[PDB]
Amino acid sequence: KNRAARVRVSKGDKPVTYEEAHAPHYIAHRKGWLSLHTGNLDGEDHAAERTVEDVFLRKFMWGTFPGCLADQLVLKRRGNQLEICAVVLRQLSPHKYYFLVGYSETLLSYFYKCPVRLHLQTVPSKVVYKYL
Amino acid sequence: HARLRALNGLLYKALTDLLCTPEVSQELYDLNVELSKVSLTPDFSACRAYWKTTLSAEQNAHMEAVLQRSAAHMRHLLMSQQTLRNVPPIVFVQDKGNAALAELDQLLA
Amino acid sequence: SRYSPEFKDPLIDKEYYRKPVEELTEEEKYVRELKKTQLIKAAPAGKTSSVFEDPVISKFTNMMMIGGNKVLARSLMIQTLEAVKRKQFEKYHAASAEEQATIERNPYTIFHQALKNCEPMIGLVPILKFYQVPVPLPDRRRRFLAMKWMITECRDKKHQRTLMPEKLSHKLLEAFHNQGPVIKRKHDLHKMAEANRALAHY
Amino acid sequence: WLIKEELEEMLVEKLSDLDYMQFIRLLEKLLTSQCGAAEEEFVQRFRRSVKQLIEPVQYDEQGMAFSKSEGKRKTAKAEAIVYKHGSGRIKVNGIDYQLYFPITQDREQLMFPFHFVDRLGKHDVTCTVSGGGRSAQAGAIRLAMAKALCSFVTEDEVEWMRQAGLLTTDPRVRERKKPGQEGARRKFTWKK
Amino acid sequence: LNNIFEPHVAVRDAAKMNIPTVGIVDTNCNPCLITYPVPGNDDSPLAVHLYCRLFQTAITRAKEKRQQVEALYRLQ
RNA sequence: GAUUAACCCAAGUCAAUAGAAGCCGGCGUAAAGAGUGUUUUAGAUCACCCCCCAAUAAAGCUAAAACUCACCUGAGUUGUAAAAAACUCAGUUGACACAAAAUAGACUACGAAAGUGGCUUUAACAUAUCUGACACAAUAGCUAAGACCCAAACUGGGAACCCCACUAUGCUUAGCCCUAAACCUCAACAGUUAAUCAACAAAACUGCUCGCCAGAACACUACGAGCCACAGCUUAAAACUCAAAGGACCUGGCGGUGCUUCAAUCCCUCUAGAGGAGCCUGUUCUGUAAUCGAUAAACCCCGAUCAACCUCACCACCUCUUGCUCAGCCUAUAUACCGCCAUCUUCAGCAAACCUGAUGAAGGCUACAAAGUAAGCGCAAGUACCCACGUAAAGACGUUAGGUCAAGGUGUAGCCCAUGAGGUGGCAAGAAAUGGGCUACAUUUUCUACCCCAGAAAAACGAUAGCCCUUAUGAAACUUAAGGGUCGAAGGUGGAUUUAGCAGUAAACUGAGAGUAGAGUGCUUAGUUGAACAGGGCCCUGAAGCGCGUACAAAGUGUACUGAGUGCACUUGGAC
Ligand SMILES: [Mg+2]
Ligand SMILES: [Mg+2]
Ligand SMILES: [Mg+2]
Ligand SMILES: [Mg+2]
Ligand SMILES: [Mg+2]
């Protein structure tokens, strides 16, 4: 039985989102990539550094926005910029949201030597795609 | 097992005697069925009566149908005769071993 | 098979297509009309419409093939045919007028008659009741057995350094004349069937 | 008849096998009941219906007519130009066919279409083939030549060729090796 | 009666849900649970056509009278 | 057992004993309707309206079939699975019972019950217009005398059960014994169908009377008594023990369960192989100071897309102590887990939530449809590749405490001058077996040219092994790989047996990629040439249906002989 990146069935009381509800094999068919950069393309380089940056950024954001991110974080690498798009709950105060956004922007930018932007889309709650 | 062999012999004789007459049924009697042998399952769960088949396919099918329909009546007749105090269900199985010999001799001729 | 079940095997026979409509029966007319709608598989590379096509010889070639060297298989087959013809020509030239009539010279006729002579009427299968029992053979099995027996006999190591064409030609002539180890093998099979006659009721 | 899924989509409803059988049997009875046009029109709403393209005959600078066609087998591709009139010459890659194909099997493949239509020696052919092995090249050239000859042989002849299989592109292609098994179907020697 | 000469399950279900049931009960039917039984013949085509016509006329008359009375009320 | 906390009662608490709790309930299957019938004293209101079949005893009789005896023939007869044992006896015909009573009987009558089914005759089948202890009581058994065809406990012989012969006994008379699953397991009489009811059984009840039961076992027993006339029946306990016993139903499990369907697909069938020789390689045992895990399918070129140091977790030695880490630990615990997978799965089912059994465990099917609907998951469908095909991919719930704590994280356990950290050196071998792979044994071959129109080799074929040398990598080459020479070995198609494949498939051949400094005959992948069978069956495997019988979460009653069976009758509380 495949235990990899799947949500096992339960009594039906377990809500799950689009990503959690889609399994790996559907990738590139029903769900796209959570990180969009040119490292892995044919003839390019720095795939390992792109992967390290992705992992570090994801952990950074998860720890920065505890119980606030309502969906996985979409990373885009246009030119040298970085765009982190997040779906966040409308549970934390807007002032705190803006401060965290600016702080993370500046710190990540200085850390990785490239402009960074964070774009938050707020929702009343995590978007249920089905119940399991 | 010697007991099983004796049971097979007695059942073969009894079934031949039964089929010798219209006792089971006039329809069955008219078919003139000939029994090749009788074999009892090792656990005594069934009694297979191997009957010789004829060349005609429709005749074979009709004989099989009649035999299947009359198996229970034959079992009852045996248990009533007391040839055996207990008789398992009777199953009629087609026998076709002699076809090889027949067609051999045809070709060899 | 990449061919879907809808695909039908192609029919390669000019006469079947040239037959007049009038001679066709209603069933044949319906079959011809139906085939216009079905899917036909692409023809195998083996068979064509040549008037010199022999399916029996093609099958013997395929059986004699090892590992996909169809070229060598065909070479051996044609060489055997030529050798048989050469031997028959020599015999005809060395034979008087009366014997010349009885002497055959067609390699294909000799080939097919020898295979027919080597076909086994009956073959023994294990029957369960296991007992080796004389049992009739289907025609396909008889032909296949004849071909395999001829090939095996020609592949026997008893022939030292002799080439496959010469060996096969000699064995083919022996079978054609109802002699040789292949005929002996058929007779042995028949004798075993006769001896196991008693066990046929199984 | 339209399949059960077709009928389900038509009725935007979820049916059963027995429901489909009932509907189809009623429709069949409607056929058998001397359905006129006013009824056959309705019935055809549930019916489902179940030829090689003749390429144009182009002309050269000298005005000689010809027909160009193409065909692919395995990994081979072949472009064949067949002339309306010719002495049976068949030049492959600028090379004579017998020289280019040193195998009588490939020669027979080349001969198959023209032999089938009994037009040997009536057409001069120029075939440019590329890619694949010898047998694949032979098959591609045969297909291209058959298609090109279609334009010059009558429609009944074209239909006969198509029935034979000359004009049907071969779908048999090598099946990719699968991970964990030596071949497309060869499972590794079963250990114990 | 269903096709196996048993009370139609709909009768019991309607009794459960408290939906009144008019019903043409034959001499072999079971009128215990039918709110408004109409002892009669359910097999004669003439009888069934009479029942259908009667009910159709009753429903049509009821609806037309409803519309007429509604119009009378609204006009004033 | 101790500790903490708590609960009840409280000048009491609660261990033992005893008592208070005691008959309008039942009797087909649980204890209970006594084997049957009839009284008295009584009781009740149901009292008023109201032929014959098979009963029983006696006498007489016999159609068929037996035995025995007569002839006439024949030499074997009998016996069964098959033989033995036994008789010389066997067949026809004829005579011929004190035995039993086809067919009718598919009838359901008579009798209180037990029982009664050949024919005739005689005698004869109680009663009030209610219930209610001396007379009967099947088969078995005993006494005395007869009959003895046949059957048959027991005995003997033959190979308990089977066959042979034979005795009590079954039969008549005259007396005894009084027991049966003596059962329609349903007491007599009267009445009713009004509202059904533990379950099954023979629909449910009312009135009325008599008999019977008060958990199981002890116990159809002991003591006493009656009948006996001494080996038995009837009546029938107590003590001790236990919290059960028992009845009717529902479901799951199990077979060493047969018949019928089945299955690159269980066996055969087609092809190609493994095992026989060498080599590469993994594993186990030995060895080693010296590697962990993997371990039947589902380990065995597996973790490893790979070990000269490193890798490395091992051994030996040496060295360090807040240690790269707000230490660490490749040390135990996969039988705590996450993470990732295997197996069926080469399956299709898993399913929440809803909606008959008079609301019990439980059940939910019929298409000319009769209580099932089912979201969702999975197959499917969809998608990649070249189709609409196939292969990929997917493959739910559960199965083996399956593996993996040494990918990493982590519960838990333990070490912290060492179970942590660092440096130098090292085996990585073979009595022996075995798994997989490569190379062969050749003539469809060897060899060159070529990439398919030729010439040589041909007992030579045949090592990627061994030995020497050199080259590539690298600090380091006996360590790895490559090139040359050398040697030309085993072997001549292979045992137990056995693997894979249904078509561009097998088979053969040739390239490329992963990983490293280098390193595989390993792995991955591309392409070329490219076939044969495809039809039979089920012993073997497994999957089903038909189903059978096991069981856990033929049977019996009475009676008697023998030593558990048998004999006779009876019941279904079994099957057809
Ligand atoms: Mg009616
Ligand atoms: Mg009385
Ligand atoms: Mg009494
Ligand atoms: Mg008595
Ligand atoms: Mg006696």
# chains A, B, ... in the order shown; residues from 1 in each chain; ligands from 1
$ interface_residues --of "chain C" --to "chain F" --cutoff "7 Å" --atoms "only C-alpha atoms (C1' of nucleotides)" --output "ChimeraX atom specification"
/C:1-4,66-68,72,128,161
$ interface_residues --of "chain F" --to "chain B" --cutoff "12 Å" --atoms "only C-alpha atoms (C1' of nucleotides)" --output "PDB file with N, CA and C atoms (P, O5', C5', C4', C3', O3' and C1' of nucleotides), in the first residue's frame"
ATOM      1  P     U F  80     -23.637 -63.869  -0.935  1.00  0.00           P
ATOM      2  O5'   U F  80     -22.063 -63.683  -1.058  1.00  0.00           O
ATOM      3  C5'   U F  80     -21.334 -62.927  -0.101  1.00  0.00           C
ATOM      4  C4'   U F  80     -20.755 -61.696  -0.741  1.00  0.00           C
ATOM      5  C3'   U F  80     -21.742 -60.946  -1.625  1.00  0.00           C
ATOM      6  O3'   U F  80     -21.568 -59.528  -1.526  1.00  0.00           O
ATOM      7  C1'   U F  80     -19.960 -61.851  -2.957  1.00  0.00           C
ATOM      8  P     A F  81     -20.259 -58.783  -2.074  1.00  0.00           P
ATOM      9  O5'   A F  81     -20.417 -58.858  -3.655  1.00  0.00           O
ATOM     10  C5'   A F  81     -20.527 -57.672  -4.426  1.00  0.00           C
ATOM     11  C4'   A F  81     -19.169 -57.099  -4.734  1.00  0.00           C
ATOM     12  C3'   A F  81     -18.126 -58.099  -5.199  1.00  0.00           C
ATOM     13  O3'   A F  81     -18.237 -58.358  -6.586  1.00  0.00           O
ATOM     14  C1'   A F  81     -17.191 -56.583  -3.607  1.00  0.00           C
ATOM     15  P     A F  82     -18.374 -59.862  -7.119  1.00  0.00           P
ATOM     16  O5'   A F  82     -16.978 -60.512  -6.726  1.00  0.00           O
ATOM     17  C5'   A F  82     -15.761 -59.857  -7.048  1.00  0.00           C
ATOM     18  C4'   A F  82     -14.583 -60.557  -6.427  1.00  0.00           C
ATOM     19  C3'   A F  82     -14.760 -62.042  -6.181  1.00  0.00           C
ATOM     20  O3'   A F  82     -14.568 -62.812  -7.354  1.00  0.00           O
ATOM     21  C1'   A F  82     -13.794 -61.022  -4.273  1.00  0.00           C
ATOM     22  P     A F 159      -9.714 -68.608   6.342  1.00  0.00           P
ATOM     23  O5'   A F 159     -10.502 -67.272   5.979  1.00  0.00           O
ATOM     24  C5'   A F 159     -10.912 -66.999   4.647  1.00  0.00           C
ATOM     25  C4'   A F 159     -10.870 -65.521   4.361  1.00  0.00           C
ATOM     26  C3'   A F 159      -9.585 -64.815   4.764  1.00  0.00           C
ATOM     27  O3'   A F 159      -8.554 -64.953   3.803  1.00  0.00           O
ATOM     28  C1'   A F 159     -11.443 -63.578   5.545  1.00  0.00           C
ATOM     29  P     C F 161     -20.628 -59.419  13.524  1.00  0.00           P
ATOM     30  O5'   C F 161     -20.452 -58.249  12.462  1.00  0.00           O
ATOM     31  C5'   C F 161     -21.172 -57.032  12.587  1.00  0.00           C
ATOM     32  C4'   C F 161     -20.657 -56.003  11.618  1.00  0.00           C
ATOM     33  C3'   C F 161     -20.504 -56.476  10.181  1.00  0.00           C
ATOM     34  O3'   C F 161     -21.720 -56.430   9.458  1.00  0.00           O
ATOM     35  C1'   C F 161     -18.531 -55.369  10.858  1.00  0.00           C
ATOM     36  P     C F 162     -22.551 -57.779   9.199  1.00  0.00           P
ATOM     37  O5'   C F 162     -21.838 -58.426   7.933  1.00  0.00           O
ATOM     38  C5'   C F 162     -21.801 -57.746   6.688  1.00  0.00           C
ATOM     39  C4'   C F 162     -21.034 -58.545   5.669  1.00  0.00           C
ATOM     40  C3'   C F 162     -21.423 -60.011   5.575  1.00  0.00           C
ATOM     41  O3'   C F 162     -22.521 -60.219   4.707  1.00  0.00           O
ATOM     42  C1'   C F 162     -19.074 -59.828   5.792  1.00  0.00           C
ATOM     43  P     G F 255      -9.776 -26.641   7.430  1.00  0.00           P
ATOM     44  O5'   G F 255     -10.666 -27.962   7.491  1.00  0.00           O
ATOM     45  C5'   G F 255     -10.143 -29.192   7.972  1.00  0.00           C
ATOM     46  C4'   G F 255     -10.780 -30.352   7.255  1.00  0.00           C
ATOM     47  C3'   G F 255     -10.651 -30.326   5.740  1.00  0.00           C
ATOM     48  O3'   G F 255      -9.446 -30.924   5.299  1.00  0.00           O
ATOM     49  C1'   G F 255     -12.913 -30.715   6.346  1.00  0.00           C
ATOM     50  P     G F 256      -8.168 -30.038   4.900  1.00  0.00           P
ATOM     51  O5'   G F 256      -7.036 -31.127   4.624  1.00  0.00           O
ATOM     52  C5'   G F 256      -7.017 -31.879   3.418  1.00  0.00           C
ATOM     53  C4'   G F 256      -7.390 -33.324   3.648  1.00  0.00           C
ATOM     54  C3'   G F 256      -8.872 -33.614   3.825  1.00  0.00           C
ATOM     55  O3'   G F 256      -9.561 -33.710   2.591  1.00  0.00           O
ATOM     56  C1'   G F 256      -7.642 -34.717   5.520  1.00  0.00           C
ATOM     57  P     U F 257     -10.356 -32.445   2.001  1.00  0.00           P
ATOM     58  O5'   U F 257     -11.884 -32.794   2.273  1.00  0.00           O
ATOM     59  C5'   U F 257     -12.360 -34.120   2.117  1.00  0.00           C
ATOM     60  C4'   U F 257     -13.820 -34.137   1.743  1.00  0.00           C
ATOM     61  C3'   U F 257     -14.163 -33.654   0.340  1.00  0.00           C
ATOM     62  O3'   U F 257     -14.039 -34.669  -0.646  1.00  0.00           O
ATOM     63  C1'   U F 257     -15.576 -32.588   1.913  1.00  0.00           C
ATOM     64  P     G F 258     -12.595 -35.179  -1.140  1.00  0.00           P
ATOM     65  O5'   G F 258     -12.910 -36.047  -2.437  1.00  0.00           O
ATOM     66  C5'   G F 258     -13.237 -35.436  -3.676  1.00  0.00           C
ATOM     67  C4'   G F 258     -14.662 -35.731  -4.073  1.00  0.00           C
ATOM     68  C3'   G F 258     -15.148 -35.071  -5.357  1.00  0.00           C
ATOM     69  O3'   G F 258     -14.825 -35.824  -6.515  1.00  0.00           O
ATOM     70  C1'   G F 258     -16.699 -34.654  -3.627  1.00  0.00           C
ATOM     71  P     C F 259     -14.964 -35.179  -7.981  1.00  0.00           P
ATOM     72  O5'   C F 259     -16.508 -34.804  -8.102  1.00  0.00           O
ATOM     73  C5'   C F 259     -17.425 -35.634  -8.803  1.00  0.00           C
ATOM     74  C4'   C F 259     -18.600 -34.837  -9.317  1.00  0.00           C
ATOM     75  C3'   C F 259     -18.276 -33.784 -10.369  1.00  0.00           C
ATOM     76  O3'   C F 259     -18.212 -34.318 -11.682  1.00  0.00           O
ATOM     77  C1'   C F 259     -19.578 -32.801  -8.668  1.00  0.00           C
ATOM     78  P     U F 260     -17.496 -33.491 -12.859  1.00  0.00           P
ATOM     79  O5'   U F 260     -18.235 -32.082 -12.844  1.00  0.00           O
ATOM     80  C5'   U F 260     -19.517 -31.917 -13.432  1.00  0.00           C
ATOM     81  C4'   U F 260     -19.880 -30.458 -13.528  1.00  0.00           C
ATOM     82  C3'   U F 260     -18.847 -29.577 -14.211  1.00  0.00           C
ATOM     83  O3'   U F 260     -18.967 -29.606 -15.621  1.00  0.00           O
ATOM     84  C1'   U F 260     -19.513 -28.579 -12.172  1.00  0.00           C
ATOM     85  P     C F 546     -24.563 -21.996  -4.628  1.00  0.00           P
ATOM     86  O5'   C F 546     -24.552 -23.480  -5.201  1.00  0.00           O
ATOM     87  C5'   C F 546     -25.270 -23.817  -6.380  1.00  0.00           C
ATOM     88  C4'   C F 546     -25.268 -25.307  -6.600  1.00  0.00           C
ATOM     89  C3'   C F 546     -25.507 -26.152  -5.356  1.00  0.00           C
ATOM     90  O3'   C F 546     -26.885 -26.307  -5.051  1.00  0.00           O
ATOM     91  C1'   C F 546     -23.612 -26.968  -6.518  1.00  0.00           C
ATOM     92  P     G F 547     -27.651 -25.246  -4.115  1.00  0.00           P
ATOM     93  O5'   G F 547     -27.428 -25.791  -2.637  1.00  0.00           O
ATOM     94  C5'   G F 547     -26.133 -25.795  -2.057  1.00  0.00           C
ATOM     95  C4'   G F 547     -25.506 -27.159  -2.157  1.00  0.00           C
ATOM     96  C3'   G F 547     -25.257 -27.878  -0.844  1.00  0.00           C
ATOM     97  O3'   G F 547     -26.424 -28.496  -0.334  1.00  0.00           O
ATOM     98  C1'   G F 547     -23.345 -28.056  -2.228  1.00  0.00           C
ATOM     99  P     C F 548     -26.420 -29.162   1.126  1.00  0.00           P
ATOM    100  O5'   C F 548     -25.916 -30.649   0.868  1.00  0.00           O
ATOM    101  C5'   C F 548     -25.791 -31.561   1.947  1.00  0.00           C
ATOM    102  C4'   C F 548     -24.475 -32.295   1.915  1.00  0.00           C
ATOM    103  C3'   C F 548     -23.787 -32.472   3.257  1.00  0.00           C
ATOM    104  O3'   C F 548     -24.338 -33.530   4.018  1.00  0.00           O
ATOM    105  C1'   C F 548     -22.208 -31.778   1.635  1.00  0.00           C
ATOM    106  P     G F 549     -25.229 -33.215   5.318  1.00  0.00           P
ATOM    107  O5'   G F 549     -24.258 -33.557   6.529  1.00  0.00           O
ATOM    108  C5'   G F 549     -23.540 -34.779   6.549  1.00  0.00           C
ATOM    109  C4'   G F 549     -22.082 -34.557   6.845  1.00  0.00           C
ATOM    110  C3'   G F 549     -21.759 -33.967   8.207  1.00  0.00           C
ATOM    111  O3'   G F 549     -21.800 -34.933   9.240  1.00  0.00           O
ATOM    112  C1'   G F 549     -20.468 -32.893   6.531  1.00  0.00           C
ATOM    113  P     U F 550     -21.619 -34.488  10.772  1.00  0.00           P
ATOM    114  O5'   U F 550     -20.060 -34.192  10.904  1.00  0.00           O
ATOM    115  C5'   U F 550     -19.504 -33.795  12.146  1.00  0.00           C
ATOM    116  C4'   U F 550     -18.166 -33.125  11.965  1.00  0.00           C
ATOM    117  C3'   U F 550     -17.810 -32.085  13.014  1.00  0.00           C
ATOM    118  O3'   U F 550     -17.283 -32.657  14.197  1.00  0.00           O
ATOM    119  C1'   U F 550     -17.389 -31.210  10.861  1.00  0.00           C
ATOM    120  P     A F 554     -24.071 -45.833   9.088  1.00  0.00           P
ATOM    121  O5'   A F 554     -25.049 -44.769   9.759  1.00  0.00           O
ATOM    122  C5'   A F 554     -25.466 -44.912  11.108  1.00  0.00           C
ATOM    123  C4'   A F 554     -25.861 -43.587  11.713  1.00  0.00           C
ATOM    124  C3'   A F 554     -26.294 -43.631  13.170  1.00  0.00           C
ATOM    125  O3'   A F 554     -25.200 -43.616  14.068  1.00  0.00           O
ATOM    126  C1'   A F 554     -27.876 -42.406  11.925  1.00  0.00           C
ATOM    127  P     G F 574     -34.655 -34.796  14.959  1.00  0.00           P
ATOM    128  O5'   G F 574     -34.701 -36.104  14.056  1.00  0.00           O
ATOM    129  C5'   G F 574     -35.023 -36.024  12.679  1.00  0.00           C
ATOM    130  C4'   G F 574     -33.792 -36.183  11.828  1.00  0.00           C
ATOM    131  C3'   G F 574     -34.026 -36.311  10.334  1.00  0.00           C
ATOM    132  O3'   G F 574     -34.205 -35.057   9.704  1.00  0.00           O
ATOM    133  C1'   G F 574     -32.486 -37.961  11.052  1.00  0.00           C
ATOM    134  P     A F 575     -34.547 -34.982   8.139  1.00  0.00           P
ATOM    135  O5'   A F 575     -33.384 -35.828   7.452  1.00  0.00           O
ATOM    136  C5'   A F 575     -32.230 -35.202   6.907  1.00  0.00           C
ATOM    137  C4'   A F 575     -31.762 -35.929   5.675  1.00  0.00           C
ATOM    138  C3'   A F 575     -32.835 -36.162   4.624  1.00  0.00           C
ATOM    139  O3'   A F 575     -32.985 -35.052   3.757  1.00  0.00           O
ATOM    140  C1'   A F 575     -31.716 -38.196   5.070  1.00  0.00           C
ATOM    141  P     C F 576     -34.332 -34.867   2.906  1.00  0.00           P
ATOM    142  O5'   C F 576     -34.286 -36.073   1.871  1.00  0.00           O
ATOM    143  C5'   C F 576     -33.354 -36.080   0.801  1.00  0.00           C
ATOM    144  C4'   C F 576     -33.474 -37.343  -0.008  1.00  0.00           C
ATOM    145  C3'   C F 576     -34.868 -37.658  -0.520  1.00  0.00           C
ATOM    146  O3'   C F 576     -35.197 -36.949  -1.702  1.00  0.00           O
ATOM    147  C1'   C F 576     -33.931 -39.595   0.463  1.00  0.00           C
TER     148        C F 576
END
$ interface_residues --of "chain B" --to "chain C" --cutoff "9 Å" --atoms "only C-alpha atoms" --output "number ranges by chain"
B: 96-105, 107-108
$ residues_near_ligand --ligand "ligand 3" --cutoff "9 Å" --atoms "only C-alpha atoms (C1' of nucleotides) and all ligand atoms" --output "PyMOL selection string"
chain F and resi 34+36-37+133+211
$ residues_near_ligand --ligand "ligand 1" --cutoff "7 Å" --atoms "only C-alpha atoms (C1' of nucleotides) and all ligand atoms" --output "PyMOL selection string"
chain E and resi 26-28+41-43
$ select_by_dssp --residues "chain E" --states "alpha helix (DSSP H)" --output "PyMOL selection string"
chain E and resi 9-17+45-75
$ interface_residues --of "chain D" --to "chain F" --cutoff "10 Å" --atoms "only C-alpha atoms (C1' of nucleotides)" --output "PyMOL selection string"
chain D and resi 18-19+22+74-75+102-103+132-136+171-180+183-192
$ closest_atom_pairs --of "chain F" --to "ligand 4" --cutoff "9 Å" --atoms "only C-alpha atoms (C1' of nucleotides) and all ligand atoms" --output "tab-separated table"
residue	atom	partner	partner_atom_place_in_ligand_line	distance
F:114	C1'	ligand 4	1 (Mg)	8.7
F:137	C1'	ligand 4	1 (Mg)	6.0
F:138	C1'	ligand 4	1 (Mg)	6.8
F:139	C1'	ligand 4	1 (Mg)	8.3
F:140	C1'	ligand 4	1 (Mg)	8.9
F:177	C1'	ligand 4	1 (Mg)	7.9
F:178	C1'	ligand 4	1 (Mg)	6.3
F:179	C1'	ligand 4	1 (Mg)	8.2
$ write_last_selection --atoms "N, CA and C atoms (P, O5', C5', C4', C3', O3' and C1' of nucleotides)" --output "PDB file, in the first residue's frame"
ATOM      1  P     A F 114     -52.357 -47.144  21.412  1.00  0.00           P
ATOM      2  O5'   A F 114     -51.644 -48.481  21.894  1.00  0.00           O
ATOM      3  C5'   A F 114     -50.538 -48.437  22.779  1.00  0.00           C
ATOM      4  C4'   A F 114     -50.160 -49.816  23.253  1.00  0.00           C
ATOM      5  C3'   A F 114     -49.881 -50.831  22.162  1.00  0.00           C
ATOM      6  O3'   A F 114     -48.568 -50.729  21.644  1.00  0.00           O
ATOM      7  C1'   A F 114     -51.331 -51.780  23.762  1.00  0.00           C
ATOM      8  P     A F 137     -53.231 -58.312  28.318  1.00  0.00           P
ATOM      9  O5'   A F 137     -52.322 -57.031  28.079  1.00  0.00           O
ATOM     10  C5'   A F 137     -52.600 -56.129  27.021  1.00  0.00           C
ATOM     11  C4'   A F 137     -51.741 -54.897  27.121  1.00  0.00           C
ATOM     12  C3'   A F 137     -50.256 -55.144  27.293  1.00  0.00           C
ATOM     13  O3'   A F 137     -49.602 -55.434  26.077  1.00  0.00           O
ATOM     14  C1'   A F 137     -50.960 -53.553  28.870  1.00  0.00           C
ATOM     15  P     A F 138     -49.010 -56.900  25.826  1.00  0.00           P
ATOM     16  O5'   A F 138     -48.233 -56.761  24.450  1.00  0.00           O
ATOM     17  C5'   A F 138     -48.919 -56.380  23.271  1.00  0.00           C
ATOM     18  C4'   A F 138     -47.990 -55.712  22.297  1.00  0.00           C
ATOM     19  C3'   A F 138     -46.666 -56.415  22.064  1.00  0.00           C
ATOM     20  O3'   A F 138     -46.768 -57.483  21.139  1.00  0.00           O
ATOM     21  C1'   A F 138     -46.303 -54.098  22.390  1.00  0.00           C
ATOM     22  P     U F 139     -46.060 -58.889  21.447  1.00  0.00           P
ATOM     23  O5'   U F 139     -44.510 -58.553  21.367  1.00  0.00           O
ATOM     24  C5'   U F 139     -43.932 -58.106  20.152  1.00  0.00           C
ATOM     25  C4'   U F 139     -42.522 -57.623  20.365  1.00  0.00           C
ATOM     26  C3'   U F 139     -41.622 -58.533  21.179  1.00  0.00           C
ATOM     27  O3'   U F 139     -41.081 -59.604  20.432  1.00  0.00           O
ATOM     28  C1'   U F 139     -41.422 -56.333  21.978  1.00  0.00           C
ATOM     29  P     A F 140     -40.735 -60.990  21.164  1.00  0.00           P
ATOM     30  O5'   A F 140     -39.772 -60.563  22.352  1.00  0.00           O
ATOM     31  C5'   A F 140     -38.488 -60.032  22.076  1.00  0.00           C
ATOM     32  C4'   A F 140     -37.800 -59.545  23.324  1.00  0.00           C
ATOM     33  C3'   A F 140     -37.575 -60.576  24.409  1.00  0.00           C
ATOM     34  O3'   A F 140     -36.489 -61.438  24.134  1.00  0.00           O
ATOM     35  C1'   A F 140     -38.396 -58.595  25.379  1.00  0.00           C
ATOM     36  P     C F 177     -47.368 -61.779  37.854  1.00  0.00           P
ATOM     37  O5'   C F 177     -46.060 -61.124  37.235  1.00  0.00           O
ATOM     38  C5'   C F 177     -44.776 -61.428  37.756  1.00  0.00           C
ATOM     39  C4'   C F 177     -43.702 -60.753  36.947  1.00  0.00           C
ATOM     40  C3'   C F 177     -43.993 -59.308  36.574  1.00  0.00           C
ATOM     41  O3'   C F 177     -43.586 -58.409  37.587  1.00  0.00           O
ATOM     42  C1'   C F 177     -43.300 -60.517  34.652  1.00  0.00           C
ATOM     43  P     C F 178     -44.537 -57.198  38.030  1.00  0.00           P
ATOM     44  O5'   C F 178     -44.563 -56.260  36.749  1.00  0.00           O
ATOM     45  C5'   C F 178     -43.362 -55.729  36.203  1.00  0.00           C
ATOM     46  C4'   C F 178     -43.656 -54.877  35.000  1.00  0.00           C
ATOM     47  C3'   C F 178     -44.574 -53.693  35.277  1.00  0.00           C
ATOM     48  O3'   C F 178     -44.269 -52.625  34.386  1.00  0.00           O
ATOM     49  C1'   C F 178     -45.635 -55.163  33.769  1.00  0.00           C
ATOM     50  P     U F 179     -44.746 -51.132  34.727  1.00  0.00           P
ATOM     51  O5'   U F 179     -43.571 -50.230  34.152  1.00  0.00           O
ATOM     52  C5'   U F 179     -42.230 -50.457  34.549  1.00  0.00           C
ATOM     53  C4'   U F 179     -41.405 -51.007  33.416  1.00  0.00           C
ATOM     54  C3'   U F 179     -41.290 -50.124  32.188  1.00  0.00           C
ATOM     55  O3'   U F 179     -40.322 -49.107  32.349  1.00  0.00           O
ATOM     56  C1'   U F 179     -41.699 -52.374  31.541  1.00  0.00           C
TER      57        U F 179
END
$ select_by_dssp --residues "stretch 29-125 of chain A" --states "strand (DSSP E)" --output "NGL selection string"
:A and (35-36 or 69-76 or 82-89 or 116-123)
$ residues_around --residues "residue F:105" --least-positions-apart "6" --cutoff "12 Å" --atoms "only C-alpha atoms (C1' of nucleotides)" --output "MDAnalysis selection string"
chainID F and resid 53:54 117
